[PDB]
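The structure under discussion appears below in the form of structure tokens.
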2 protein chains.
Amino acid sequence: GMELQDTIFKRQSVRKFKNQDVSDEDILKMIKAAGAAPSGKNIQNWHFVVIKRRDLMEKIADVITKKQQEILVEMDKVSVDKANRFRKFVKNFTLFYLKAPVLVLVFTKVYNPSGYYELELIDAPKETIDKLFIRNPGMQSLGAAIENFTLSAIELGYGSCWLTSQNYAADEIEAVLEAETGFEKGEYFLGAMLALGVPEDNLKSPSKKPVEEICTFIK
Amino acid sequence: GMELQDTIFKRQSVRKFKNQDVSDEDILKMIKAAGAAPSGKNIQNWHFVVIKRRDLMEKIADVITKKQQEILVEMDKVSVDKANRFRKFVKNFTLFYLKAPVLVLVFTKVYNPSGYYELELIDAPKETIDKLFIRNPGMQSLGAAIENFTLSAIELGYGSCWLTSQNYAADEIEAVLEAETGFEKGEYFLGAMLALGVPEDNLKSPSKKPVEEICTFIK
Ligand SMILES: Cc1cc2nc3c(=O)[nH]c(=O)nc-3n(C[C@H](O)[C@H](O)[C@H](O)COP(=O)(O)O)c2cc1C
Ligand SMILES: Cc1cc2nc3c(=O)[nH]c(=O)nc-3n(C[C@H](O)[C@H](O)[C@H](O)COP(=O)(O)O)c2cc1C
Ligand SMILES: [Cl-]
Ligand SMILES: [Cl-]
């Protein structure tokens, strides 16, 4: 096993991977850890789709690219500068996931949080109800589950990168998954993906805020 | 220290606390761990306000109650039973934090995710851009931080409950904090609270989904 703080401070966004496998049994451990995460009213708004199928990983890449190109055709009319930065960004911060042996699609569902049905019952303005979602407790919950998964990967000798940069193409990703596998998402939609494998060594991360910057102790 | 899985499977929502203090040094270790969480584009959209001052904790409770009562007097006109369910809910799942020695207010700020500025650039429909936020990557990031805090609390001999049920009164909570401490939130807003202490014995958690239900291995 591995001690908690060790895993926490070891954690990086892994974007380069060794040519080694990740066992289904180890992935299942990661998922059990995710499943034990806290969630708003125990909604447990998560479902992990584990993909090792190369052609499916590549088909998902292709749909991201198709959607990205549709956006780029319009961006080029406004600012080739901005369009070109987007071209580089998707390459380096989305499609790098093909470098890993495992792609995990994390599906989720909307959690209507405390206050929502109470305010709806009394015909509160939508503007008031919307304020509950600026701090989206449903996505806090998803993040707790994905962080449990992430730390457990590290304990088991692996590492990962969390991804939401694909989500302008989420509908298209869901569609190809369904065509290729018959997976039925129901009310769920894509929340995040994880690129998962054995990390290369000597990976880099940006500096973080000093702990004293991110807190205030009231005296 | 404590091994990761041991911490993950020890974690419960702690709503009853022993009469014992939490050291500032230990709380700082929790926040340092929180600050190591991944976040979209390294935004680190979190600030932890640590409160031990009893009168401020009570003042926060009173604005939660006052806001609750404004909702209740309208709910009673539609459904007294539903209003009664909300009365019980707020006692059991919100105002119990007063039972702990420490209240942490977790402030956060909006993260405009990938796709946002690109779609804005090309005057994409607001309804399209809104879809990025149904999986709010900023709040996924916040959840990752608060989970790191949560697990660290357990390793150090404490426990906590995560709260978002107060957030129909978030603005009012922020106003009390500001009025009583001088804290300047700037662009940040209340995301969650944590009730933090040495946990009571015999804590109960609800039944969870079986792991087979929360994953799919594509074959
Ligand atoms: C973002 C989020 C918000 C939550 N808000 C509350 C809350 O306001 N009050 C409460 O009593 N529990 C709250 N919880 C705890 C959940 O009720 C709890 O995690 C769930 O019932 C599972 O129970 P367990 O944590 O003991 O395993 C919250 C959890 C999450 C992650
Ligand atoms: C919800 C969220 C979404 C993220 N999306 C992406 C992404 O699409 N592409 C990527 O390369 N990294 C992504 N990341 C990783 C962050 O860029 C990374 O956590 C941050 O830069 C800090 O680097 P570190 O994780 O190595 O410490 C995401 C992280 C979070 C938590
Ligand atoms: Cl993003
Ligand atoms: Cl809530």
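Scheme for the structure tokens: letters A, B, ... for chains in order shown; per-chain residue numbers from 1; ligand numbers from 1 in order shown.
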Interface residues on chain B facing chain A, 7 Å, only C-alpha atoms, written as a ChimeraX atom specification | /B:1-4,8-9,31-33,35-36,46-51,74-75,114-115,121-122,132,135-137,139-144,147,164-165,167-168,191,211,214-218
Only C-alpha atoms, please: the residues just picked out, written as an mmCIF file, in the first residue's frame.
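In the end it all went to selection04.cif:
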```cif
data_model
loop_
_atom_site.group_PDB
_atom_site.id
_atom_site.type_symbol
_atom_site.label_atom_id
_atom_site.label_comp_id
_atom_site.auth_asym_id
_atom_site.auth_seq_id
_atom_site.Cartn_x
_atom_site.Cartn_y
_atom_site.Cartn_z
ATOM 1 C CA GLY B 1 0.192 7.924 8.676
ATOM 2 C CA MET B 2 -2.662 5.995 7.087
ATOM 3 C CA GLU B 3 -2.752 3.984 3.867
ATOM 4 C CA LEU B 4 -4.937 5.447 1.115
ATOM 5 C CA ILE B 8 -11.055 6.060 1.574
ATOM 6 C CA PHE B 9 -13.124 3.287 3.194
ATOM 7 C CA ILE B 31 -5.532 22.601 3.365
ATOM 8 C CA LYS B 32 -2.061 21.890 1.951
ATOM 9 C CA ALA B 33 -3.382 18.543 0.724
ATOM 10 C CA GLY B 35 -4.274 22.653 -2.608
ATOM 11 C CA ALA B 36 -2.462 19.786 -4.309
ATOM 12 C CA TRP B 46 -10.504 27.493 -3.790
ATOM 13 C CA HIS B 47 -10.019 29.428 -0.539
ATOM 14 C CA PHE B 48 -10.560 27.851 2.873
ATOM 15 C CA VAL B 49 -11.849 30.092 5.685
ATOM 16 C CA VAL B 50 -11.310 28.372 9.005
ATOM 17 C CA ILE B 51 -13.631 29.315 11.867
ATOM 18 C CA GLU B 74 -44.463 30.088 1.402
ATOM 19 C CA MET B 75 -44.152 26.262 1.348
ATOM 20 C CA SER B 114 -12.352 24.724 -22.681
ATOM 21 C CA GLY B 115 -14.759 25.540 -25.454
ATOM 22 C CA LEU B 121 -15.457 34.096 -30.211
ATOM 23 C CA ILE B 122 -17.746 32.743 -32.951
ATOM 24 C CA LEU B 132 -20.210 23.035 -20.984
ATOM 25 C CA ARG B 135 -20.585 19.094 -16.041
ATOM 26 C CA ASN B 136 -19.062 22.211 -14.405
ATOM 27 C CA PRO B 137 -15.291 21.422 -14.536
ATOM 28 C CA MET B 139 -16.804 22.352 -9.475
ATOM 29 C CA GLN B 140 -15.286 19.044 -10.360
ATOM 30 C CA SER B 141 -11.998 20.757 -9.440
ATOM 31 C CA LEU B 142 -13.423 22.043 -6.137
ATOM 32 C CA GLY B 143 -14.632 18.524 -5.293
ATOM 33 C CA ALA B 144 -11.164 17.135 -5.903
ATOM 34 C CA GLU B 147 -11.935 15.310 -1.097
ATOM 35 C CA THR B 164 -23.864 22.414 0.293
ATOM 36 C CA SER B 165 -27.428 22.394 1.674
ATOM 37 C CA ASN B 167 -26.396 27.496 -0.248
ATOM 38 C CA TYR B 168 -29.891 28.954 -0.731
ATOM 39 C CA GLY B 191 -18.998 26.754 -2.544
ATOM 40 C CA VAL B 211 -19.691 -1.562 -8.040
ATOM 41 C CA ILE B 214 -21.292 1.976 -11.631
ATOM 42 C CA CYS B 215 -19.010 0.687 -14.365
ATOM 43 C CA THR B 216 -18.853 -0.902 -17.787
ATOM 44 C CA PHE B 217 -15.743 -2.606 -19.216
ATOM 45 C CA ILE B 218 -15.850 -2.375 -22.988
#
```
From the DSSP assignment of the backbone, select every residue of chain A that is helix (DSSP H, G or I), and format the answer as a VMD selection string.
-> chain A and resid 4 to 10 24 to 35 40 to 42 54 to 76 80 to 93 95 to 99 116 to 121 126 to 135 137 to 155 167 to 181 211 to 214
Please measure the separation of CA of residue 175 in chain A and CA of residue 159 in chain A, giving the value in Å to one decimal.
-> 27.8 Å
Leaving out residue 197 in chain B and any residue of its chain fewer than 3 positions from it, which residues lie within 7 Å of it when counting only C-alpha atoms, given as a PDB file with N, CA and C atoms, in the first residue's frame?
```pdb
ATOM      1  N   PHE B  17     -19.899  14.775  16.893  1.00  0.00           N
ATOM      2  CA  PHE B  17     -18.496  15.019  17.246  1.00  0.00           C
ATOM      3  C   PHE B  17     -18.221  14.926  18.733  1.00  0.00           C
ATOM      4  N   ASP B  21     -10.599  19.312  20.526  1.00  0.00           N
ATOM      5  CA  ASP B  21     -10.208  20.374  19.622  1.00  0.00           C
ATOM      6  C   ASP B  21      -9.508  19.825  18.380  1.00  0.00           C
ATOM      7  N   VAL B  22      -9.451  20.649  17.338  1.00  0.00           N
ATOM      8  CA  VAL B  22      -8.656  20.383  16.143  1.00  0.00           C
ATOM      9  C   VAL B  22      -7.553  21.429  16.078  1.00  0.00           C
ATOM     10  N   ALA B 100     -19.816  20.599  15.875  1.00  0.00           N
ATOM     11  CA  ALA B 100     -18.368  20.495  15.678  1.00  0.00           C
ATOM     12  C   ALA B 100     -17.632  21.714  16.227  1.00  0.00           C
ATOM     13  N   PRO B 101     -16.353  21.534  16.615  1.00  0.00           N
ATOM     14  CA  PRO B 101     -15.490  22.628  17.024  1.00  0.00           C
ATOM     15  C   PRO B 101     -15.019  23.544  15.901  1.00  0.00           C
ATOM     16  N   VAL B 102     -15.079  23.102  14.652  1.00  0.00           N
ATOM     17  CA  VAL B 102     -14.556  23.893  13.535  1.00  0.00           C
ATOM     18  C   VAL B 102     -15.546  23.897  12.398  1.00  0.00           C
ATOM     19  N   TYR B 158      -9.320  12.832  12.614  1.00  0.00           N
ATOM     20  CA  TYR B 158     -10.532  13.620  12.652  1.00  0.00           C
ATOM     21  C   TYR B 158     -11.512  13.082  11.622  1.00  0.00           C
ATOM     22  N   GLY B 159     -12.590  13.824  11.384  1.00  0.00           N
ATOM     23  CA  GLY B 159     -13.549  13.475  10.359  1.00  0.00           C
ATOM     24  C   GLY B 159     -14.396  14.691  10.098  1.00  0.00           C
ATOM     25  N   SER B 160     -15.243  14.630   9.073  1.00  0.00           N
ATOM     26  CA  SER B 160     -15.957  15.805   8.661  1.00  0.00           C
ATOM     27  C   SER B 160     -17.227  15.442   7.889  1.00  0.00           C
TER      28      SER B 160
END
```
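Counting from CA of residue 25 in chain B, the distance to atom 29 (C, counted along the ligand's line) of ligand 2 is 28.0 Å.
When only C-alpha atoms and all ligand atoms are used to measure the gap to ligand 3, the shortest distance among A:18, A:125, A:61, A:193 belongs to A:193.
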Got a sec to tell me which of range 71-206 of chain B DSSP assigns to strand (DSSP E or B), as JSON, numbers by chain?
-> {"B": [102, 103, 104, 105, 106, 107, 108, 159, 160, 161, 162, 163, 189, 190, 191, 192, 193, 194, 195, 196, 197, 199]}
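The interatomic distance for the pair CA of residue 156 in chain B and atom 22 (C, counted along the ligand's line) of ligand 2 works out to 25.2 Å.
Nearest residue to ligand 4 among A:103, A:127, A:112, A:172 is A:112, counting only C-alpha atoms and all ligand atoms.
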Point out the residue among B:153, B:88, B:15, B:187 with the least atom-to-atom distance to ligand 1, counting only C-alpha atoms and all ligand atoms.
->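 With only C-alpha atoms and all ligand atoms as the atom set, the closest residue is B:15.
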